Structures are given as C-alpha cells and as structure tokens.
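Single-structure report; data block below.
Residue numbers (the authors' numbering), protein chains in the order written: chain B, 1 to 30; chain A, 1 to 21.
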C-alpha cells in the first residue's frame, strides 16, 4: 500500500501503519 | 515536503519512515 500516490487521509493512514507505536508527524505545509 | 514526495508523486517506505518519531 505504500508504493503509490498517497494524499490526505490515505497518506495519514500509511504513516500510521508504517510508524506503528512510534507515531509520526504529518506536515503538509512544510 | 511529504505532499510533494508521496501525494504529487509515488510514495516509498523509505520516505514514509523519515516521518516517524
């Protein structure tokens, strides 16, 4: 699921699944 | 940023993990 165009909720979902208990930062303006 | 690398273009696991804490 990671190797495609990922926008919005799709991108946030991928970060969530990939990063697991680490969590992540989602910075669309940076 | 992430939008340019994963939304406007195809994402990769390598790049996604750069955003994990």
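Heads up, the beta-carbon is just placed ideally off N, CA and C, and yes, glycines get one too.
Rounded separation between residue i and residue j - CA only
i: residue 20 of chain A; j: residue 15 of chain B; result: 7 Å
i: residue 1 of chain B; j: residue 7 of chain B; result: 12 Å
Contact set for residue i: own chain, Cβ-Cβ below 8 Å, skip 5 residues either direction
i: residue 7 of chain A; result: none
i: residue 26 of chain B; result: 11, 12, 15
i: residue 16 of chain A; result: 6
Under 8 Å between C-beta atoms of residue i and residue j
i: residue 3 of chain B; j: residue 12 of chain A; result: yes
Interface flag, residue i vs chain E, CB-CB below 8 Å
i: residue 18 of chain B; result: In the structure shown, chain E cannot be found, because the protein chains are B and A.
Residue i: contacting residues in chain A (beta-carbon distance under 8 Å)
i: residue 2 of chain B; result: 11, 12, 13, 16
Cutoff 7 Å; reference residue i; Cβ partners in own chain excluding five residues on either side
i: residue 18 of chain B; result: 2
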